[PDB]
> 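What follows is a single structure, and I will ask about it in a moment.
Naming convention: chains lettered A, B, ... in sequence-line order (proteins, then strands); numbering from 1 in each chain. Values below: every heavy atom of this structure, side chains too, minus hydrogens, waters and symmetry copies.
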Amino acid sequence: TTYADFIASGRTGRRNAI
Amino acid sequence: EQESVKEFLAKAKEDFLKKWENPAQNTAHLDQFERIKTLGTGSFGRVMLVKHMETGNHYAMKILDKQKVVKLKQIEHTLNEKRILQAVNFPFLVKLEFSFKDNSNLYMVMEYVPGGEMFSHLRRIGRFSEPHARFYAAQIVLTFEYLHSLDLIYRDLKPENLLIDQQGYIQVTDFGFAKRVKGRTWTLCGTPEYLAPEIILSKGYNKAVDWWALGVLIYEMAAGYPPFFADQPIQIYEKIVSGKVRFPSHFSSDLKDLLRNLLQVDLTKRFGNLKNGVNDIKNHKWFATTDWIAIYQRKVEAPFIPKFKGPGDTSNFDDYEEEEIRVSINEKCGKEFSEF
Ligand SMILES: c1nc(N2CCCC3(CCNCC3)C2)c2nc[nH]c2n1
């Protein structure tokens, strides 16, 4: 599932500005 | 109806310009505050829970190292942040109570919002139901209507920059990328997941980037994950520039319709950017149950009330490594931050 793909990603924590 | 909004906005611009042209400066001193705990640390600097001894009030004090701001090329952005924040006044915008500087640092003392970040609640719960996301979305729609009427571009919308107050309402807390600009602007800034295609494509852009970021926020709140994500920012950009979005099967037809109009690559078609302006959003079917005045007046019952043990309680925030505030005997970057 998309939720399972998101949760396993490295981008679930606080995201830094660019 | 929109005449009352026009009148409201005209008096709001009058109040803003007086403060914009004549900014409050040096309104307190570091020694007036008792430093309690770090609430957060990042590119925004360090934010600490503080107690004002003369009143006993608690506040959130942002500390910025002047030398770090210089090395990071954030001088003008930091001057924009403070100039705008001290000038604005809206129910969903955090209040700047005091600002001052010393030899080493810049300080912004803001109202303490004890409910914690929307980000924390959103990740733990997984996702918000549509009525829950709509309640928060409505507050941002009014906030952007207020900001854009003052010629301000926000550029830093994300759950990590929205706090929940004791009454369950939103407080927008991050003005680091805010800018007063009448024409177009070109700075590459914001967060990968929230960037409009025109920012990624190095075009001159305008307030339409905030309406795109609202589309991103509504999707993430209702789905539990953003519309464009990948392990690397280059892969996120590739997804944003391609004109494709997929919605969870639980998304209502009204929600998908609103999100196709907000997450519109074509600027002549993006909601918030047309002849009817913000009314294309306010009058959309997904917002039919929203009473805009009741939201502004804070009369609507919030879907969620954060846990509040007492004054100074920090349970809604994560723990951070504490560092001592070191003030040099020598004034750093005096000229650069002269107007702060
Ligand atoms: C409580 N906490 C705050 N912060 C602690 C969490 C991280 C923040 C900076 C990054 N964006 C969200 C708020 C600053 C506040 N910043 C202003 N008022 C606040 N009240």
> Would you please go through residues 220-231 of chain B and name the residues with a non-hydrogen atom below 4.5 Å from one of chain A, in numerical order?
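Answer by number: B:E220, B:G224, B:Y225, B:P226, B:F229, B:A230, B:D231.
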
> Check whether B:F44 gets within reach of chain A through its side chain, its backbone, both or neither, counting any heavy atom under 4.5 Å.
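The answer is neither part of B:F44.
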
> Out of the candidates B:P192, B:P159, B:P233, only one should pair with A:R15 under the side chain to side chain contact (heavy atoms under 4.5 Å, CB included) rule; please name it.
B:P159

> Heavy-atom distances under 4.5 Å only: say whether B:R246 touches chain A with side chain, backbone, both or neither.
side chain

> Taking all heavy atoms of B:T191 and all of A:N16, pick out the closest pair and write down the distance.
CG2-O, 4.0 Å

> So which heavy atom on A:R14 is nearest to which on B:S120, and how close?
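Looking at all heavy atoms of both residues, the closest pair is NH2-OG, 3.5 Å.
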
